[PDB]
Amino acid sequence: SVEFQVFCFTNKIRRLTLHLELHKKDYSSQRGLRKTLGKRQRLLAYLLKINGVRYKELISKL
Amino acid sequence: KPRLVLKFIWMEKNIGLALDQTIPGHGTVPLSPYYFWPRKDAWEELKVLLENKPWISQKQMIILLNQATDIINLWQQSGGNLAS
Amino acid sequence: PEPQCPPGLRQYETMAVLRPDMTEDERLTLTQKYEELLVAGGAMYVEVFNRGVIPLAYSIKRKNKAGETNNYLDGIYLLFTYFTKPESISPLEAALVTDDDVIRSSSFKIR
Amino acid sequence: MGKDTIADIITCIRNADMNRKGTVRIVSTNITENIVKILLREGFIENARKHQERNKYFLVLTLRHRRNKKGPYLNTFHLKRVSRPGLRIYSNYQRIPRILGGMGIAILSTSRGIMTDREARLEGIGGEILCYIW
Amino acid sequence: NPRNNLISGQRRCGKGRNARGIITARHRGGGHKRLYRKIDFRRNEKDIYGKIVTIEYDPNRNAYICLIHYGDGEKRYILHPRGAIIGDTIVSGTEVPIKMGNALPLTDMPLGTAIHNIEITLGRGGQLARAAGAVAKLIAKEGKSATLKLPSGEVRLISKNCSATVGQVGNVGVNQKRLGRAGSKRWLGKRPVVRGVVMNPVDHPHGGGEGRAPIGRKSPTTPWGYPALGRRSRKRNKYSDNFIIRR
Amino acid sequence: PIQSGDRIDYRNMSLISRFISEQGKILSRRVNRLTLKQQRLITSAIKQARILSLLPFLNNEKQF
RNA sequence: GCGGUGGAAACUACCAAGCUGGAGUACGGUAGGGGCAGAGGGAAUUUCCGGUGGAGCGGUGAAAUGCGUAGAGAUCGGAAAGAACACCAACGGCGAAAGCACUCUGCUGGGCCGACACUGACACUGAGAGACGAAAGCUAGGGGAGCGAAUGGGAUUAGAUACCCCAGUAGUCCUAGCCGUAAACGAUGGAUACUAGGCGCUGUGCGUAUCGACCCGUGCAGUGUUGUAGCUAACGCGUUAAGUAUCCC
């Protein structure tokens, strides 16, 4: 299941970001946010590598 | 849990205290450790060995320590005097 | 009987020691601030049972409201096996620091 | 399952018999099957057996020995890769080497299949030299 | 809402300096009219709530002030503390719980608390620690006094039945608001001060001669002859209420 | 030994105080002969009971 | 060498379609000084305030400067202050490294293990780039007990800007930044696959044994110590290679 990985990582970045911006100095979870961004980004380049229209739907969903 | 023997020896210069210890619910073999002629601590060495065991109950550790203490005590008095 | 409700929120247990003098408004008023916790928490709040007063090791420094007087050797050992949301535990800490008959209140989180 | 499936088999051969163990377990892909097919028939090894463990067909391969010696195999096997991934090598039917005069062979990928120097020198075809053993 | 009919209007004219007309508080004059704000220091309405609707800039102060209403029909201004959420409710009284913004007498409260507006005796409006960040703490209380560490590094046992507005008073960032326009000193009604070396011997005791004159006297003095370093200007027997100067 | 099934809490002052000395200080794993997990868990529990003044921080020295 | 043209399809690439052991996710557990924030703690030290008592205390290789009849130090009580957190502490656990240990709470990272529960190669490395980055340093504001560059005095010394001693400022701590270096060391870039063992530790999993804690073997992951092969100039390293190979900087 791929779109649950992208969507799940998106909610991960939402909850972790609204953690981090009202907190502002945790330099440990910064790596977690950046590993999630990079991991999701290699997924988006993967599904963009496979398809057009379907990845256009992944952009249009979020 | 078997039960226990300190053996002391007094010769004028030198104490030895020798702690022979015994088994808990876990089958173990102690020696008798003999603590030695130089001024290096006998009670601390003995008691610490017992505490390191936990295999020794408090009553057991204490009774042997009391006997050990008594001999070190007699030894100190004889060394300060000449008893022999 | 306790694993019924912890779908949804958390579980704690607060240890709080008391004055040794008073016998009245001690089971009463601290259960009334436990009802203040009931306005806050509202979950399976049971087993708020009391432990007998015994001599502790060493304690000073009551800090009454402008008293700063009493040394102690004894104290009533309350412990609340309560159950709440993880939100609003710091107001339980302020409630169990500021009040007079509660000194040295350490909460915990049993698993 | 690393980068190479041929340094897979080959490094399992070198690491197999440099510790004198006469038994190899490797994956059985198409080109591994072809190499052990053109390698059992050339006297280097003894037997290759396919089987399965979790329905994954593998090759266990029995190496050669001799009798009770200081080391029970005298001639050290000396396997070597040539066409590394990222540096492909290619030869005509001129360059195709007689290894040590012929005591080694150079297994290589023709358009026919994969041959040796005997079976690609008579053909006159050339191709990508996988590796040569000696 | 300006022109509140609480700005109270008539004053003594600007930043005045005239006793009989003689310059007696020096370097004053200039600036705007600076109409004052009659604010409510001594809260004479206890145990009735009141919201906060406006943080107005008082030009008389270093801090801001705020307009507070009531459940009854009144309007006052008080010093808002740090943390004045707009719409938040303040209430004076004797048993009102401690919140950043409300007032209570100095007895019914714990020790070790941030309070700005305290009273030195009963009946007065408001004396101590009311600047733009002036915060006074409480050391423990006594029978009819209360040792209070006010923002000078100075402690003072005080009458315990004095009103006090608990909170740290806001607008702290005037520690760093630079006056770098270099004529903005004159906008506050503060004329430039001349220096004692460059005056004449009829004016200042350090009226010199040729060149940048060294200070000449055994001590650097005021323009009226008293030594201006270390000489404590305090009557020897006034109150004896302060514990230690701690300065 | 002495695990006794129920987990070690500050409320269990039976197996606790078999682990401190009469001088009131925590004994190591090789003396008490437990696992690492038992040792750390009684460590945190003993220091909790140290907060509640159930246990002394120092016991006054004695002879005779 | 380049070009034209006719053939081959194993390998790279390409086109299409499946596959799962690579990689992830979902789930259930699990361990942790991972990080940050908030509360709370008690020894000890210093200073102050009291009661006692009266001549030294402190220090050293030996002395001295210092402090002390204005009552020192010592002892008991009372406060306050900051900083660090004894035993536990282990050849231990975690982090990517730097680092991380008084306890508790909150938010949150990461790891490990199982079932096929899902997708189907999504993988590795990474120029330039970006982040973090011990200590000392600097800007701004707090705070300042101990320790303590500079400094000052005493001593040793031919001399002493030094080792010793007595005072002692910046600094040490915290907030917000800058700085971006260290023997930042495992003196060992990362990743995958394969190649004896013995003795260990940590985390989980299965079976035995009891039916419950053990206890034995093990499946893995991580950490350590001797060590075969092989490598090495040697010392040594040796499944966590400095071995055999492949890739990337």
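Residues numbered from 1 in each chain as written, not as in the entry; some residues may be left out. Chains lettered and ligands numbered in written order. Part of a larger assembly, values for the part shown. Heavy atoms only, no water. Residues with missing side-chain atoms left out of burial classes, pairs and counts.

Method of determination, as given in the entry header: cryo-EM; reported resolution: 3.4 Å.

(A) Just the overall build of chain C, in detail. A count of helical and extended segments in chain C gives two helices and four strands. The order of α-helices and β-strands along chain C, N terminus first, is β-α-β-β-α-β. Taken over the C-alpha trace, chain C has a radius of gyration of 15 Å; the compact-globule value for 111 residues is 13 Å, and the two agree within 12%. On the principal axes, the C-alpha backbone points of chain C span a range of 45 × 25 × 25 Å. Scored against the burial criterion, the 111 residues of chain C give a buried share of 35%. Contacts in chain C between residues far apart in sequence, at least 24 positions, make up 77% of those at least 6 positions apart. Across chain C, the centroid of the 13 positively charged side chains sits 7 Å from that of the 16 negatively charged ones. (Helix = DSSP H or I, 4+ residues; strand = E, 2+ residues; numbered from the N terminus. Rg over C-alpha atoms; globule rule 2.2 N^0.38 Å. Buried < 20%, exposed > 50% of the residue type's maximum accessible area, 1.4 Å probe, protein only. Contact = heavy atoms within 4.5 Å. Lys, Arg positive; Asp, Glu negative; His and termini not counted. Charge placed at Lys NZ, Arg CZ, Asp CG, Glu CD.)

(B) Spotlight on the overall build of chain B. For chain B, the helix and strand inventory stands at two helices and three strands. The C-alpha extent of chain B, read off along each of the three principal axes, is 45 × 20 × 15 Å. Sorting the 84 residues of chain B into buried and exposed places 36% on the buried side. As presented, chain B carries roughly 5500 Å² of accessible surface, and 61% of it is formed by carbon and sulfur atoms. The averaged location of the 7 negative side-chain charges in chain B is 6 Å from the averaged location of its 9 positive side-chain charges. (Areas by Shrake-Rupley, 256 points an atom, 1.4 Å probe, with all protein chains shown as cover.)

(C) Local environment of the sheet that holds strand 6 (residues 128-133) of chain D. Residues and elements named next belong to chain D. The strand order across the open sheet formed by three strands is 5-4-6, and the pairing between neighbours is antiparallel. Edge strands, defined here as strands with exactly one partner in the open sheet, are strand 5 (114-115) and strand 6. Bridge analysis of strand 4 (residues 105-109) against strand 6 gives five bridges, and the strand direction is antiparallel. The residue bridging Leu-108 from the neighbouring strand is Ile-129, located in strand 6. (Pairing = 2+ DSSP bridges.)

(D) Local environment of the pairing of strand 2 (residues 65-68) of chain E. Residues and elements named next belong to chain E. The side-chain alternation of strand 2 yields two buried faces, one formed by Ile-65 and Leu-67 and the other by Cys-66 and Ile-68. The pairing of strand 1 (residues 54-56) with strand 2 spans three bridges and is classified as antiparallel. Counterpart to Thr-54 in the pairing with strand 2 is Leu-67. In the sheet, strand 2 pairs with strand 3 (residues 76-78) via three bridges, with the strands oriented antiparallel.

(E) Summary view of the protein's contact with RNA strand G. In the vicinity of RNA strand G, 69 residues are found, and the nearest of them are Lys49(A), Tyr12(C), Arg104(C), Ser109(D) and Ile26(F). Within 4 Å of the protein, the contacting atoms of RNA strand G are drawn from sugar and phosphate to the extent of 79%. Within the side chain of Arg50(F), an N or O atom sits 3.2 Å from a base nitrogen of RNA strand G. Those elements that place two or more of their residues in the surface near RNA strand G are helix 1 (3-20) and helix 2 (29-50) of chain A, strand 4 (102-108) of chain C, helix 1 (6-17) of chain D together with helix 2 (36-51) of chain F. When the residues that make up the surface near RNA strand G are grouped by side-chain class, the tally is 23 nonpolar, 20 polar and 26 charged. (Near = heavy atom within 4 Å. Polar contact = N/O pair within 3.5 Å; in protein donor to acceptor, adjacent residues only side chain to side chain. Nonpolar A, V, L, I, M, F, W, Y, C, P; charged D, E, K, R; others polar.)

(F) Just the side chain of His80(E), in detail. Relative to the elements of secondary structure, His80(E) occurs in the loop between strand 3 and strand 4 (103-105). Setting aside chain neighbours within four positions, we find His80(E) in contact with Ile55(E), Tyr64(E), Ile65(E), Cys66(E), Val169(E) and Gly170(E).

(G) View of the interface of chain C and chain F. The interface of chain C with chain F comprises 11 residues on the first partner and 12 residues on the second. Carbon and sulfur atoms make up 61% of the area that chain C and chain F hide from each other, which totals about 1000 Å². On the chain C side of the interface with chain F, the three residues burying the most area are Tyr58(C), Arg104(C) and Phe108(C), jointly 42% of the side's total. Across the salt bridge formed by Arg11(F) and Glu13(C), the nearest N and O atoms sit 3.8 Å from each other. Elements represented by at least two residues in the side of chain C that touches chain F include exactly strand 1 (13-18), strand 2 (50-59), strand 3 (72-80) and strand 4 of chain C. (Buried area = accessible area lost by both parts, 1.4 Å probe. Salt bridge = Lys/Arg side-chain N within 4 Å of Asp/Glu carboxyl O.)

(H) Focus on the interface of chain B and chain F. Taken together, the contacts link five residues of chain B with four residues of chain F. When the buried surface of chain B facing chain F is broken down by residue, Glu51(B), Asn52(B) and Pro54(B) rank first, second and third, together holding 71% of it. Run the count over chain B and chain F and you get zero salt bridges. The interface formed by chain B and chain F holds two residue pairs in polar contact in total. For the side of chain B that touches chain F, the class distribution of residues is two nonpolar, one polar and two charged.

(I) Structural detail: the packing of aromatic side chains. Residue and element names in this part refer to chain C. As enumerated under the stated definition, the model contains eight aromatic pairs over all chains in all. An angle of 65° between the planes, with centres 4.8 Å apart, marks the rings of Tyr-34 and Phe-80 as edge-to-face. Of the two residues, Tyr-34 sits in helix 1 (residues 29-40) while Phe-80 sits in strand 3, which places them 46 residues apart along the sequence. What makes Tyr-34 buried here is its relative accessible area of 4%. (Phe/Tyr/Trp six-rings, centres within 6.5 Å; stacked < 30°, edge-to-face > 60°.)

(J) Expanded view of the sheet that holds strand 7 (residues 145-150) of chain E. Residues and elements named next belong to chain E. With antiparallel pairing, the three strands of this open sheet are ordered in space as 6-7-8. Single-partner strands in this sheet number two, and they are strand 6 (137-141) and strand 8 (154-159). On average, each strand axis in the sheet is tilted by 30° relative to the strand beside it, whichever way the strands run. The sheet contact formed by strand 6 and strand 7 spans three bridges and is antiparallel. (Axes fitted to C-alpha atoms, helices over the stretch in contact; angles between N-to-C directions.)

(K) Geometry of the pairing of strand 8 of chain E. Residue and element names in this part refer to chain E. In terms of strand pairing, strand 7 meets strand 8 through six bridges, oriented antiparallel. Its bridge partner lying in strand 8, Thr-147 is registered against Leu-157. Here strand 7 hands over to strand 8 after three residues, with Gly-153 in that stretch at a positive phi of 65°.

(L) Quick look at a positive patch on the surface. Judged by side-chain charge, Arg232(E), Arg234(E), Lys235(E), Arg236(E), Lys238(E) and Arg247(E) come together as a positively charged surface patch. Within the secondary structure layout, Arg236(E) lies in the segment after helix 1 (184-187). (Patch = residues over 30% accessible without salt bridge, like charges linked within 9 Å, V, L, I, M, F, W, Y side chains within 5 Å.)

(M) Summary view of the arrangement of the chains. Counting contacts across all three pairs of chains found in contact, the highest total belongs to chains C and F. Taking C-alpha atoms only, the smallest gap left between chain A and chain F, which are not in contact, amounts to 25 Å.

(N) Just the environment of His69(E), in detail. All names here are of chain E. Relative to the helices and strands, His-69 is located in the loop between strand 2 and strand 3. The sequence separation of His-69 and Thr-54 amounts to 15 residues, and the corresponding C-alpha distance is 9.9 Å. Those residues in contact with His-69 that lie beyond four places of it in its chain are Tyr-49, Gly-50, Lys-51, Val-53, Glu-74 and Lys-75.

(O) Representation of the environment of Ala16(D). Residue and element names in this part refer to chain D. Checked against the element boundaries, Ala-16 lands in helix 1. The class for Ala-16 is buried, based on a relative accessible area of 9%. Taking the C-alpha atoms as reference points, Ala-16 and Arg-121, separated by 105 residues in sequence, lie 31 Å from one another. If near-sequence neighbours (up to four positions away) are discounted, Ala-16 is found in contact with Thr-11, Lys-21, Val-24 and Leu-63.

(P) A look at helix 2 of chain A. End to end, helix 2 of chain A covers 31 Å across 22 residues, agreeing with the expected 32 Å (1.5 Å per residue, within 8%). Elements in contact with the buried residues of helix 2 of chain A: helix 1 and helix 3 (53-61) of chain A. (Expected span 1.5 Å × (residues − 1).)

(Q) Geometry of the environment of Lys109(C). Residue and element names in this part refer to chain C. Along the chain, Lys-109 falls in the segment after strand 4. Distance from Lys-109 to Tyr-12, taken between C-alpha atoms, is 4.3 Å for residues 97 residues apart in sequence. Excluding residues that lie within four positions of it along the chain, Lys-109 makes contacts with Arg-10, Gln-11 and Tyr-12.

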